[PDB]
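First, one chain by itself: the form deposited in one PDB entry, in structure tokens.
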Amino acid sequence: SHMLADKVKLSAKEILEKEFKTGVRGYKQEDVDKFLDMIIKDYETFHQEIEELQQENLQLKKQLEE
């Protein structure tokens, strides 16, 4: 019945800031950090997409008052 949490768990800031423990062997850091950059780009790209579809749907409703 209740309020909707911001359903997105992370932000672009939090991804960039995240620090991981190391082991005597694990994922090569440079490859993980690069992959995380692609992801950050996608997060930015998704918000812009949403922002635009919201504005475009608000535009369309203004036109419907007539």
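Just count from 1 along the sequence shown to find any residue number.
When the CA B factors of the chain's modelled residues are split into thirds, the value for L10 lands in the middle one.
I50 sits in the middle third of its chain by CA B factor, as recorded in the PDB entry. Residue-level temperature factors show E19 in the highest third of its chain, judged at the C-alpha atom.
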